4 protein chains.
Amino acid sequence: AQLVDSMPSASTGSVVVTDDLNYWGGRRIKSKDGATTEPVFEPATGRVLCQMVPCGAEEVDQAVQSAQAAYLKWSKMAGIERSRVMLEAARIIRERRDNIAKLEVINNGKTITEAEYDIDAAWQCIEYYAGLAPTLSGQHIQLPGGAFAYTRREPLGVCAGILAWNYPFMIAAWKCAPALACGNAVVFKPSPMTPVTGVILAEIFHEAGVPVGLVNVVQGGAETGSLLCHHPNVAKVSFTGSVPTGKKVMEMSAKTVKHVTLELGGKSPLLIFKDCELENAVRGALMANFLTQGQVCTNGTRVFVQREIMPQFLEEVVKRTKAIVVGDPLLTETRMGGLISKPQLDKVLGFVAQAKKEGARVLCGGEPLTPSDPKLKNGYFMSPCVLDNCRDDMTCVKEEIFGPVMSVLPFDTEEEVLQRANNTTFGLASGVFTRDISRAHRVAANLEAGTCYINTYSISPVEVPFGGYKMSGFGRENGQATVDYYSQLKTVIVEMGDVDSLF
Amino acid sequence: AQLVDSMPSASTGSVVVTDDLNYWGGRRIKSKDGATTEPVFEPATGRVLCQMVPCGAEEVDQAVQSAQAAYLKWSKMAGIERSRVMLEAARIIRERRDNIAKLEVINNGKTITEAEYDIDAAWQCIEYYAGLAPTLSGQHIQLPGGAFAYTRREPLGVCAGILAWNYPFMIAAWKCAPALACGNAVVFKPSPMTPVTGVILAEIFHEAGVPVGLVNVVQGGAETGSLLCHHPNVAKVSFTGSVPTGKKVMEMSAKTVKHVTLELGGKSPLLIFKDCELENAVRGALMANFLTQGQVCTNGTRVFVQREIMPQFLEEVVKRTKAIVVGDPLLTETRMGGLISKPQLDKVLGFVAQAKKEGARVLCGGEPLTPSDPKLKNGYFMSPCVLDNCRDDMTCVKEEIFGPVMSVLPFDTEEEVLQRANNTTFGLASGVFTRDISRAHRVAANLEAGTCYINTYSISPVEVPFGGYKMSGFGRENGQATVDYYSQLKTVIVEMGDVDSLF
Amino acid sequence: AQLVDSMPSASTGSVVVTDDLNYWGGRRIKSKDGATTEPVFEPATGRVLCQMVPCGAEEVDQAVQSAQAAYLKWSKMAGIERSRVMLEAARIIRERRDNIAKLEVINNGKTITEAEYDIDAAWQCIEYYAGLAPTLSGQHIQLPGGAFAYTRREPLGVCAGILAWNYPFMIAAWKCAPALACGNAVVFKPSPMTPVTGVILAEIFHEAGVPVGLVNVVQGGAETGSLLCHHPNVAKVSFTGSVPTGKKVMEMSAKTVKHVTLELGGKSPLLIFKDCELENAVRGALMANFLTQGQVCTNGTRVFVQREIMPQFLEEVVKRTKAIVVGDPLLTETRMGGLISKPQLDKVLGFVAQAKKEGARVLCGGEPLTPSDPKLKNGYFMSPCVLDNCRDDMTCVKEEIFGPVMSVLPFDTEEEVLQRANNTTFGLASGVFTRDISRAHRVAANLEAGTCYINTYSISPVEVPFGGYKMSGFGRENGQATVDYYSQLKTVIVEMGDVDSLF
Amino acid sequence: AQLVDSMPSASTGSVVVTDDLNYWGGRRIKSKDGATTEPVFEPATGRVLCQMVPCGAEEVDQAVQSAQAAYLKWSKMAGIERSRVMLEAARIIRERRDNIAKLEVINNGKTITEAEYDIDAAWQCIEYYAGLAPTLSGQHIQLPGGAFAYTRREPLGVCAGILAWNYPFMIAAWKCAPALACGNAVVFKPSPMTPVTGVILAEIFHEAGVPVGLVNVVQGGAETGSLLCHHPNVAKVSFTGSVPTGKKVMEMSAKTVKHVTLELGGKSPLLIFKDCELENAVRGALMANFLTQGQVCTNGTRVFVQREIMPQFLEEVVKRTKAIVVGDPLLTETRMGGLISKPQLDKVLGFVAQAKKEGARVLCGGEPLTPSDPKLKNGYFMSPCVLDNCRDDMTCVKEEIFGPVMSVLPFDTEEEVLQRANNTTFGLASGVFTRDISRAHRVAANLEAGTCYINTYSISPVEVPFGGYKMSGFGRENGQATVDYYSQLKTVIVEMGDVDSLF
């Protein structure tokens, strides 16, 4: 909190975290004793911001019990009532938008120009579900012979959220917002690489007036996350991360019959037809590939450009990608920070390497970097890369890189690309730049993904649902649809007369 | 089909099945070669109705491929269009109500008095979802700055249903009805003990005008059901059965990220307050315990009666249970047939046995039986049993028996029973007989089950949703809610102007 | 009914009606005594099909009382139950599709090619609302401090429908379908020019199994219609006709605070941009102007064509309009029958006359006609007319003609036409033929009408709502929206504890 | 505004209004020149608070034009965007809750104990619809043969509200809240007796950030209100007042085909069964009759008590009514202020007078009053009256008094009272105090009113809809239902292929 207020004077390479990162029972837990720890880094400098001590069964359980208690109280409040508290929680995040954004940058690495949006996105989500709580309802149906039935929309109990690192504050908000609006209690575990901003949100909810313990936070990784999935008092698990893990999470959740939702990854296709408007199309390809160091799950990393315009398109886009400013993330003119960790950087580079080993032709970027500024010497920087000469069978076209690497591929006919676009086990997003009313919707209707952008890309409004198809997951975040994943319907049938018995 | 037309003259112990029970590609498959088989029995006589040859990977796959093809066509039809075919499929079942009902009895064992309802229930479900297909829709929202978004409600693909034996024709209908209304293709596997009536439904849909292959049927058990869960072209699994299995099904489904819904079992509580109306209450307890040989998942097998009325209640109910006619199921005055199999009978009896070994006091029934009629000598009959002197810790009060065995237990205060009622890992149904407006809803609101009957029991209207809480499963069957389990929403966001790019 | 069965051999100029046209209490009323009458004509021949005796207060009242009785019973049935009867009523209309269609032609005048669609449209509407009845519901909301509320969706009572003549059977169906699906009783008054097919529908509902008296029919005009609006036992009036009358109907309805819905007329604009596809655009203009002798309220009678394509468009469309076959309506190759009455014909011609007197330039049609066939000598025929050289101030561009008269006008820019298109007191429909995704929706969003077709026209699906804007009326027919105009919500709030009193 | 800030020291008989009461174009209009005026009074003292100059065509029109302009801008903002402004408008009313409440008392006359609730009710309504704006949407349906349709939920235009005096600030809020949430512009006319607090709300919206002119206010009466109904640029009229006027308003609205909603009066019945809980029942009768000097439209002024308990009920309730403190409204221990005007007081007394002249038996109250405090000597006070010995035919049982007068009547059987309860031309509200689950809902289902309270009364939550039945009006305020009265659906059908033309 004070660290958040210190931000106005904070700058790259200067900050250092010192608070405790575990939070339950309405306060930060000291987590005493040795307890193996992990270093969390400042992506732009490679500096160690602090250590993070992971939670074991003992801790986790307390977190849960804490939530459990609070739920009992919070679930008794009416929507109109849970609404008030939430509206305030937002108003607060609103008033600390910047400071929080700035801190978000230091641990995550994305540019503040982005970070700021990330947070507005966070408080809007809350303010949205808040206004949606008084709407929560069930039905009343008149049945044959005077009897009638009615459903009650009830909360699930204690909801566990397992977060990812590309949008720390935003994703946590996206899971708590609907969860609480519905009357549930929450316990979430931020990515060990980005444990700091999460707890902030938690404190804010308490500060807003939430019953002590409603929002808890446990730090840690695999071991921890597992404890959450196995804990018998968690009614729901909301996971966001890689497909491989999503698969494990779902399995463990089965042992208890837990409700589950998975927003896994993707290798989404962007389709460019010759009748489009190059500039907007260039922007799309661009916006669809390099936000947050290209570490965005919904990125159209597999760009299909209709052969006729391949040249002029590929020209302007290589220029534009080279014109991207890599450097201090806390700078407003910077357009790309460092990746999340060294391992990730090496992994992303390793991909570009094998790309050319498979025939790929690198038009720009794809190599380590070293900013002029001396303090960024140890940052995890690389230059945005644009591949050319790609084949549907190349590892880079098939695998989710999760780095700033764009694969451009030519195509000739509509029927052609559709079969190629949908030819993946993934199905998160997709896009299309064209001008013909029919082709637009038609292609939209035919792509097998959960989201399809038409003449734009990477927009993620709170008013609409968001989730995957196929192995990109199921369930939704944002939009009204979501409330059904954090509530259940009890059917109450009421006989107005006498029982019809066969005995 | 002809077997269905032969029914008017059919009678207990006379029939014998001879058709092939596997169905895909729009016809019955001969399933040649030895291929280990299983005997399906006529519960009322112990006779072997026929053998059933289970499907292996080869067969299953063909089933799926068949569905797969048909889906492509059926999913292209509009709701209003899929509606027409379905309305006819019902009209047909309607016109063969009896014959089908009669055959249902022979393999299942329940009395025709019940069987008939089971089928009306089947065609109503179809006729309901049919009228609901033209309603299937998504949203259109206006977004900031001229852009707008819209969701399309799309079918899942190929839906696999794994059925149970207590309501063969009804449950299959309950899974296909919504599935098809939504544009999906179906492949279901009836319980190996009751493979016959299922395929009938399948043929009817084809006869109604469904694209060849839309509804397929594969016979078999564990091995088979597994193949369905692992098959890469099945988008959804809809399971109904025991908790133990539900758990395995969910695990296998995870390997592919399949959509899943489980309508598992239960040990639901029936609450009787002293201010109720004994007769109706007696009927409830009765209706809540002995339909279909008491092999009903939603049965209030754990009856709590408020101490003051314990005597007079327990008196009239023991008399009534003894007054139940056990015999030929195809007889209209019969009120209980034989159980599904010998093993089940021995299992149900074994429970009563250990009950008294734990202190239970048998007031009636609980032993094998032997009807006067000579042809029913080998049937699987036992007499409806009513336990007395039960404790919350006795195995019979905790375990789902799935036989005609009622456990009566006394209670004193409201707060008392609630804690006791909800003290289970189950949460399917529950009931309450009282007269005070406040207690009714209040108790309703507090029970932790998916369904709560007030002054009645065992009613299951199509207009309302039905499913479990906790480990009784998740997802719903019937009611509007269900459509969300057989459809998904694709978000299509459309930019009306130019892209806002940070590059 | 028998007259309906006689149709297979019926032919233009041969038929003659002889049944009684008033219907209530579940049978046709003899309407004895002189009682001034009106001749109903066969538009294609000018022959008198029969006389029609109008209802006075006495009769009307009986109709109402009849409905009133039946409602009491019908409103007690559950949706699922009202559904069954309706599904049958359709199945019947389905099975007499042709014969009914044929008879529809004889009194109305439209070609059977159209008539047939009109009827399928009728039974689909019923079959649609039928499947929608089991869906009818209210809400259940949890309120602060334990209390809860719930709404019941209840029928209105006795609904009065006042029909128009351009689609006799279809419009009556469109009013009864939702009315009954909701539990209401209906009393409608067909247009005195087309009283015959209406009563047919009525009988069918009875034949389907509707409670005696639920659907009644009273013949007559102004006087009669008024009695309906003033009658104290009619809860709702559903009017379709001219604006002038809609206005009177609404006034009379006020004296009792009756629910009202008005589907008045219109002078809807069709917009053709230079980037469209001429053929489809020509078809649109065509389909938007000459169905049912151009006596369609939703016709885009004010066609705006972007200047560049004005010539080639105007050429092909004048040719096509001249290629329309006017003659025997009961002939399949006929594309236009005679108008509804002599007065209407003279009125439509009078408009074309004054058109040229104001500067209009007639490119074709616009004059009386006389088919070769001798029996059609006295029919009410005229040739489809296409005006050219029109001004926004000409009477023909401003007034609803309600005859086959198309006004083509040039335009230059988008902003231009929008201001011109929306510059009317009307607001029923509108259309736009263009190819640019943005312009399409954008223009759609900006037109001030209740319906907007994009690259087509005159389609009226049952799945979606239909009604006007401005002075074209309010309320909707078809689609789910409608149910809210035939039902009301009672709020039932239930206190679970004690009253909070300030006394 | 400053007057609002002066309130902390304000006291009965001290204040005096001096601001201008007309408001449009975002500021208070000086309304110069003589222009006949009307005195607005302080009910508790009879003092003249100020004069009110009514608006003529000239003024009104400017108001409208003002709204008209602002609408153009406000309607272009997205729900999420209109939401922000509204949330603030509330937060403001929230922060001035008291001062506003206090001022409300001075002109209206109700006690501050009530006034305070009135205002919380006002800001909640806004905060509710605000959170509901981002939810505003239409549908997307897939049609036969590739085509698809979609509806846009669009604002109406300029909405006119004609208010009543019993809840000045609350009712204005109840009309603006939904109106704006939907994108409309508003112009309302407060009751000439209570013109002051209205404009406050208006200013607040502007202060919140609403486009200049979106919320306007014109003072005046009949003449003025008429101008609103006739004005050609008002798309909707939302009226609240007497039945007689509601009827005139609807007639004038017809001349333009304006959308209309009427929340007229009522003579609602309260039913007390012998199995109830007297105390709560007494409170109900009480709360249902004497809030805001009994000048509440939803009051159960016609109390039916089951004969057996008539005595003990009637005893405790006469005592309680006598125990009501009449005096200074700005006092917290006061439970009833003075009525709205002298004429109203004389009218209410005149009713009690004729009551006894018809046989009524006055058990208490019913006469003028004169508080001890000297400053209240000229107030419009009378004592709460409780009639006894009433007949269904007495003028007092049939007419809406709109004063603190309770008519108690005995009854014997359920079927009896229902016929008697529903035997009225009114149908706004009704209540029932009983304990039997079946009777409760059953009676609820059978009463013919728009609202039915069960074991409580006068609760009016924002989460649920509120409106009348029969001649008590139509349309709803509060709850989700309302949004449909401030928005309309445009159907946009889009052809994906070629036109099917018959020419």
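According to its header, this structure was worked out by X-ray crystallography, 2.8 Å.
Placement of Cβ uses the backbone N, Cα and C atoms for every residue, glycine included.
Sequence annotations record features per position, and here Swiss-Prot assigns active site, proton acceptor to A:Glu263 based on sequence analysis. Around the Cβ of A:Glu263 (active site, proton acceptor), the number of neighbouring Cβ atoms within 10 Å comes to 27. Look at A:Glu263 (active site, proton acceptor): DSSP puts it in a strand.
DSSP assigns A:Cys297 (active site, nucleophile) to coil in the three-state reduction, placing it in neither a helix nor a strand. Per Swiss-Prot, the feature active site, nucleophile maps to A:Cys297; the stated evidence is sequence analysis.
Positions annotated as NAD(+) binding site by Swiss-Prot, on the basis of experimental evidence: A:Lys189, A:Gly241, A:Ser242, A:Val243, A:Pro244, A:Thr245, A:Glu400. Counting only same-chain residues at least 6 apart in sequence, those with a Cβ under 8 Å from the Cβ of A:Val243 (NAD(+) binding site) are A:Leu264, A:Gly265, A:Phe426, A:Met471, A:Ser472. Secondary structure from DSSP puts A:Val243 (NAD(+) binding site) in a helix.
Sequence annotations record features per position, and here Swiss-Prot assigns site 'Transition state stabilizer' to A:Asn166. Counting every protein chain shown, 24 other Cβ atoms lie within 10 Å of the Cβ of A:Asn166 (site 'Transition state stabilizer').
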Cβ neighbours within 10 Å, counted over all protein chains: which one of the binding-site residues A:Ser242, A:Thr245 has the most?
A:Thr245
Cβ contacts of A:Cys297 (active site, nucleophile) (under 8 Å, same chain, 6 or more positions away):
A:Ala164, A:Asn166, A:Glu263, A:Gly265, A:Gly266, A:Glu400, A:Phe402, A:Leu428
All-chain count of other Cβ atoms within 10 Å of A:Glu400 (NAD(+) binding site):
20
Position of peak Cβ density within 10 Å, selected from the binding-site residues A:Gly241, A:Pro244:
A:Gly241
Please find, for A:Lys189, A:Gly241, A:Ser242, A:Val243, A:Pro244, A:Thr245, A:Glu400 as listed binding NAD(+), the greatest distance between any two Cα atoms, in Å.
24
Please classify the secondary structure at A:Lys189 (NAD(+) binding site) using three-state DSSP.
strand
